[PDB]
Amino acid sequence: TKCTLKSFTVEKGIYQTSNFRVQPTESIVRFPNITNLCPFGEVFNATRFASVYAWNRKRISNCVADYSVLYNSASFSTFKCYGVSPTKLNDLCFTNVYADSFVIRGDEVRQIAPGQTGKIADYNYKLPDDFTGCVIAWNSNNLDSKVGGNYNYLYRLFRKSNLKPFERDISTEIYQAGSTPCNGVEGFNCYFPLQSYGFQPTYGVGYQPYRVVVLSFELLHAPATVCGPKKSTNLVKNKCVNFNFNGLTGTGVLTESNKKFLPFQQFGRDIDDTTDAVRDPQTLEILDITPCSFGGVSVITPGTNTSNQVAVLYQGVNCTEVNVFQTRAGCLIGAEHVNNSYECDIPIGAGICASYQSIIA
Amino acid sequence: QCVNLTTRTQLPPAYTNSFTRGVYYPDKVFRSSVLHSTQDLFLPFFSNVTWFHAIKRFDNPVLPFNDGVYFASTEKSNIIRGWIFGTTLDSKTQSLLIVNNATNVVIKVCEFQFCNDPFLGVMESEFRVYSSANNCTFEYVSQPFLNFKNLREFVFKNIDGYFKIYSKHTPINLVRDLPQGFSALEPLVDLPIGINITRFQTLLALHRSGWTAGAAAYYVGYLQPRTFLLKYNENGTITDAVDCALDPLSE
Amino acid sequence: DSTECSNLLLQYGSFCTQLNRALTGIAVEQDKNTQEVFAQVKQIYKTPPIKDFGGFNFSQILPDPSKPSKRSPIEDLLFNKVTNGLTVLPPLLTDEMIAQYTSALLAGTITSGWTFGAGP
Amino acid sequence: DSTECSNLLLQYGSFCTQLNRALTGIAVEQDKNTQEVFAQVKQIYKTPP
Amino acid sequence: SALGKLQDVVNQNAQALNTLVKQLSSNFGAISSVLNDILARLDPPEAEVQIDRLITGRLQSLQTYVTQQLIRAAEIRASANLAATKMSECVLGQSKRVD
Amino acid sequence: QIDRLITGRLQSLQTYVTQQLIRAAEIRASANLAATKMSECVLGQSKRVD
Ligand SMILES: *[C@@H]1O[C@H](CO)[C@@H](O[C@@H]2O[C@H](CO)[C@@H](O)[C@H](O)[C@H]2NC(C)=O)[C@H](O)[C@H]1NC(C)=O
Ligand SMILES: *[C@@H]1O[C@H](CO)[C@@H](O[C@@H]2O[C@H](CO)[C@@H](O)[C@H](O)[C@H]2NC(C)=O)[C@H](O)[C@H]1NC(C)=O
Ligand SMILES: *[C@@H]1O[C@H](CO)[C@@H](O)[C@H](O)[C@H]1NC(C)=O
Ligand SMILES: *[C@@H]1O[C@H](CO)[C@@H](O)[C@H](O)[C@H]1NC(C)=O
Ligand SMILES: *[C@@H]1O[C@H](CO)[C@@H](O)[C@H](O)[C@H]1NC(C)=O
Ligand SMILES: *[C@@H]1O[C@H](CO)[C@@H](O)[C@H](O)[C@H]1NC(C)=O
Ligand SMILES: *[C@@H]1O[C@H](CO)[C@@H](O)[C@H](O)[C@H]1NC(C)=O
Ligand SMILES: *[C@@H]1O[C@H](CO)[C@@H](O)[C@H](O)[C@H]1NC(C)=O
Ligand SMILES: *[C@@H]1O[C@H](CO)[C@@H](O)[C@H](O)[C@H]1NC(C)=O
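Chains as they are written, first to last, in the authors' numbering: chain A, 299 to 620, 641 to 675, 691 to 694; chain B, 14 to 68, 77 to 143, 153 to 176, 185 to 247, 257 to 298; chain C, 745 to 827, 856 to 892; chain D, 745 to 793; chain E, 943 to 1041; chain F, 992 to 1041.
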């Protein structure tokens, strides 16, 4: 009070000195139930993969993409992400996901990157320099190699020009390396551009088949629907917590509600358009949001000439949320309530007054 | 597969009064016993809505979408099954298909080649609404939405790449025109489509015994940007509304 | 509850203190207004138990013993006919004490004339 | 008459409604003041000829 | 309409409070009216500017509310002084003042 | 540019409305005094000095 009044002597009276803030204790972040996961089973766990010249592109939309399952797997040899970090993949949201799947050699995994040069980059699969996504590769000697030799995987060996980014070339026309016309027959200076791989299980690690899945993340002006799985903190009631329900955030005490919402309604507003009721997304129940008991802190004191005893009034604050007495004005601490009635010396409010005789109310 | 329908009878389109229909919930927010003023695409009160019949009448034209579409249906025996949404209605651009067949409702955003006269047929064993589907960007299968006995109100909006479908089912017993009353349309589904739509076409179902058109009637209204004053009761349903630009009393 | 907002708000100085002080002045002014209007007597007068006033009836303006609020029928009718950092401070004088002050004024002006306003 | 200005002005809320309300209150207050000062009789008295 | 004078005061105070709450939903030229959205969607160099715009708009609204409350407080104080004068002169005595 | 002009003009208009409210309060007090004089000096004889 001396600090607020800028004086070392305080006259008898009540002085509003501060404000009492209930501090938030927990953070409650409830978003909808984790359902409709993205079809990563049909990409990673596919029985057969495509050739690199005819790489499969799968469009992933309208689902929840859990990237932590892929990142924490020990089954992948390469998980190199370009243009984004793996840690924030599980949080961000994208409009569509392009999953390109193919099989290449062990030594050719390095060429699946922006700015690289090689047979795969120039003639089979070209990545843009400004690429946002991740390149995942793993050894598949167990599945894609047979003892006789697996010749079901093809790659383009020759093309007149380098491929554009995200281009698929499935043409089977004879490559013309010379001035002479090929005439459709494979003779001299004219070679068939698609050549088969010969995967065998007894091969070296640089020649063993590797399954590569490249995920391309783009953002377009359409509503982004491939989002990460927002985690849900367990619900805590009857305490002043910071709530985040389906992107609506605030601070309040969440108590049970008797308001019967219609099934399409999620939040509740009063006359002043402030959210005072809400529906929990995980469990369809209605919760009232009571604002935390913020109040004014007033100091009731007699003159410093008489005594140094003081009392504290928390305005509009119940006594269970802070010589403690409950008044309609608020909670009064440091004053002894008496049943006798005297003239008003220091006004407290709601018919309550304080005086010095100790400090009585 | 496409079939031209050449047995139609030429007739001018009808017009009628909207009365106090076309109101929908602007948001997913509960409000109790309060009056809320909102600025949104709303249908004007007592406006001129176009009236189309199915009786030999088979009205399936292509109409401009404008800023939103109010679809009213005085329906018996479930002739009306879905809608056609797009800009050019061909494979050049991307179009939205809404269909309700005998089992479920299917919503697809793809590059479709639409027929000039698309329809279904009734056991339901005739589907002649498209010839191709090339590049799909969104698929969504949901629960089925559905004297004239049923009144179906729908509101379609394209705002910020969001497609809002609002709907209401009403039990009516009026023979010919729209009944006069108040019924607020609940929001049914929001679609992440992100596509341009400027034209639409209704999808009907044929009755086969050539073809026969079942008795149905529908109304098209256009949404305009305006302000409504909505009344919310104790239970939180919109029971009455005021159009702020209709007359000075409501203003 | 934004800490960055409060840190930026501190750059603007003592605007918040001025607004709080002005509102506090208004709040104490309302109590002073009520004190000036109603608390003009320091003796709480009561009417005699027998309401023999020479034919004059004051039942509509005297407090009703049947009512818990100790208000007059006219006062009861009057009370029935009147229907983010924000707090509402309660008034210093409750409605019961204001009704008691009006009752004291009525008892003084009925039993003592204008004498109670100028002395004993 | 600029529609862009009004669209930007709507971002600031109901300041204009408050100012219009205050001016309307002052305007009706002036008529109330004149009514209170001069219209203290409901009978129009006339002097004898 | 017998008790219109008290009802007008109650309506004006409630309406002013309602307007003060509704001024929070206005962005005042910022990208959003929510501080959390600005803090989460932008870096501190531009979030500082947007928060500053919200602060100046809300501060202007609060100053407007306090100013109009002060003017209404002056009016109510004048009315209360008149009421105290009527209490002293009409109830506690007989007044010769006409009307 | 319109944001700068809007904030300047809004501040000017708010200042004008505040001045008008204060002057209206002063004129209301003067009118209440004038009504009191009309009641007590014209419609009756007043014993109040000056
Ligand atoms: C039904 O009639 C429409 C309208 O004429 C036919 O659409 C035309 O199809 C031809 C086919 O080459 C095009 O050249 C025209 O430009 C189309 N016109 C329009 C307006 O679309 C449609 O083909 C007919 N259906 C069948 C099955 O023949
Ligand atoms: C004073 O007036 C009151 C109210 O006008 C009288 O109370 C009424 O008494 C009659 C006779 O029994 C009842 O029918 C009325 O219902 C009473 N009114 C109320 C409001 O209770 C009262 O009798 C009068 N006289 C005295 C001496 O008190
Ligand atoms: C794919 O196979 C591995 C190996 O069995 C398994 O652990 C994983 O769960 C499967 N699915 C995905 C999506 O990786
Ligand atoms: C959410 O899932 C929990 C179990 O994980 C279940 O008890 C609850 O009913 C679900 N809620 C909805 C709305 O699906
Ligand atoms: C509706 O429009 C048609 C033509 O578009 C017109 O003939 C008719 O009179 C209109 N109805 C009303 C009520 O304006
Ligand atoms: C309705 O369409 C869906 C989507 O193709 C299909 O799965 C279902 O079998 C269809 N039902 C009938 C009766 O045709
Ligand atoms: C769209 O489809 C055509 C033919 O079906 C195809 O050539 C084209 O590449 C496709 N485009 C996209 C973006 O899918
Ligand atoms: C939407 O389509 C219409 C008609 O084809 C066209 O005029 C308009 O420019 C398009 N709008 C956008 C944003 O593509
Ligand atoms: C709310 O619904 C209950 C029953 O569900 C009904 O009795 C009551 O009248 C309704 N209240 C209003 C204001 O419509």
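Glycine is no exception: its CB is placed at the ideal position from the N, C-alpha and C atoms.
>> Between residue 947 (chain E) and chain D, is any beta-carbon pair separated by less than 8 Å?
In response: no
> If you scan the segment 758-822 of chain C from start to end, which runs of the alpha helix (DSSP H) of 4 or more residues do you find wholly inside it?
Replying inline: 759-782
> Leaving out five residues before and five after residue 498 (chain A) in sequence, what residues of the same chain have Cβ atoms less than 6 Å from its Cβ?
Replying inline: 443, 447
>> Can you list, in chain order, the residues of its chain with a C-beta nearer than 6 Å to that of residue 520 (chain A)? Leave out the 5 residues immediately preceding and following it.
In response: 393
> What in chain E is Cβ-close to residue 758 (chain D), meaning under 9 Å?
Replying inline: 961, 964, 965, 968
> residue 170 (chain B) to residue 116 (chain B), Cα distance in whole Å?
Replying inline: 14 Å
> Between residue 230 (chain B) and residue 168 (chain B), which are expected to be in contact by the criterion C-beta below 8 Å, what is the C-beta distance as a whole number of angstroms?
Replying inline: 7 Å
> Relative to chain H, which residues along the segment 1003-1021 of chain E have a C-beta separation below 8 Å, given in chain order?
Replying inline: This model lacks chain H altogether; the protein chains it does include are A, B, C, D, E and F.
> For residue 99 (chain B), which residues from the same chain have a beta carbon less than 7 Å from its beta carbon, with the 5 sequence-adjacent residues on both sides left out?
Replying inline: 176
> Is it right to say residue 685 (chain A) is buried, meaning 16 or more other beta carbons lie within 10 angstroms of its own, or is it exposed?
Replying inline: Coordinates for residue 685 (chain A) are absent, as chain A skips straight from 675 to 691.
> Would you say residue 826 (chain C) faces chain E, with C-beta separation under 8 Å as the test?
Replying inline: yes
>> On the criterion of 16 or more Cβ atoms from any shown chain inside 10 Å, does residue 886 (chain C) qualify as buried, or is it exposed?
In response: exposed
>> Would you say residue 770 (chain D) lies against chain F (beta-carbon separation less than 8 Å)?
In response: yes
>> Starting from residue 998 (chain F), trace the alpha helix (DSSP H) in both directions and tell me its first and last residue.
In response: 993-1028
>> Taking the alpha carbon of residue 271 (chain B) as the reference point, which residue from B:188, B:288, B:60, B:201 has its own alpha carbon closest?
In response: B:60
>> Once the 5 residues before and after residue 887 (chain E) are set aside, which same chain residues still bring their CB inside 8 Å of it?
In response: In the structure as shown, chain E starts at 943 and stops at 1041, and residue 887 (chain E) therefore has no counterpart that could be examined.
> Alpha carbon to alpha carbon, what distance is there between residue 948 (chain E) and residue 822 (chain C)?
Replying inline: 10 Å
> Using the rule of at least 16 other Cβ atoms within 10 Å of the residue's Cβ for burial, across every protein chain shown, is residue 290 (chain B) buried or exposed?
Replying inline: buried
>> Check whether the segment 358-371 of chain A and the segment 571-582 of chain A are in contact - that is, three or more C-beta pairs closer than 8 Å.
In response: no
> Using a Cβ-Cβ distance under 8 Å, would residue 755 (chain D) count as near chain E?
Replying inline: yes
>> Using a Cβ-based criterion (distance less than 7 Å to any ligand heavy atom), does residue 125 (chain B) qualify as near ligand 6?
In response: yes
> Whose CB is closer than 5 Å to a heavy atom of ligand 7? List the residues in chain order.
Replying inline: B:164, B:165
> Whole-angstrom Cβ separation of residue 233 (chain B) and residue 130 (chain B), contact assumed at under 8 Å?
Replying inline: 6 Å
> Does the Cβ of residue 137 (chain B) lie closer than 7 Å to at least one heavy atom of ligand 1?
Replying inline: yes
>> Residues around ligand 3, please: the condition is that the C-beta lies closer than 5 Å to some non-hydrogen atom of it.
In response: A:338, A:339, A:342, A:343
> Does ligand 1 have even one heavy atom less than 7 Å from the beta-carbon of residue 17 (chain B)?
Replying inline: yes
>> Can you confirm whether residue 787 (chain D), when its beta carbon is compared against all beta carbons of chain E, has any partner nearer than 8 Å?
In response: no
> Which of the three DSSP states, helix, strand or coil, is assigned to residue 958 (chain E)?
Replying inline: helix
>> Given this structure, state the Cα-to-Cα distance separating residue 334 (chain A) from residue 529 (chain A), to the nearest angstrom.
In response: 15 Å
> Using a beta-carbon distance cut-off of less than 9 Å, what residues from the segment 552-574 of chain A approach chain B?
Replying inline: 557, 558, 559, 560, 561, 562, 563, 564, 565, 566, 567, 568, 569, 571, 573
>> So with CB distances below 7 Å, who are the chain C contacts of residue 594 (chain A)?
In response: 859
> Using a beta-carbon distance below 8 Å, is residue 978 (chain E) in contact with chain A?
Replying inline: yes
>> Which of the three DSSP states is assigned to residue 646 (chain A) in this structure?
In response: coil
>> Out of B:163, B:156, B:50, which one is the CA nearest neighbour of residue 114 (chain B)?
In response: B:163
>> Give me the residue from C:758, C:783, C:757, C:752 with the minimum Cα distance to residue 997 (chain E).
In response: C:752
> Grouping DSSP H, G and I as helix and E and B as strand, with all else coil, what is residue 563 (chain A)?
Replying inline: coil
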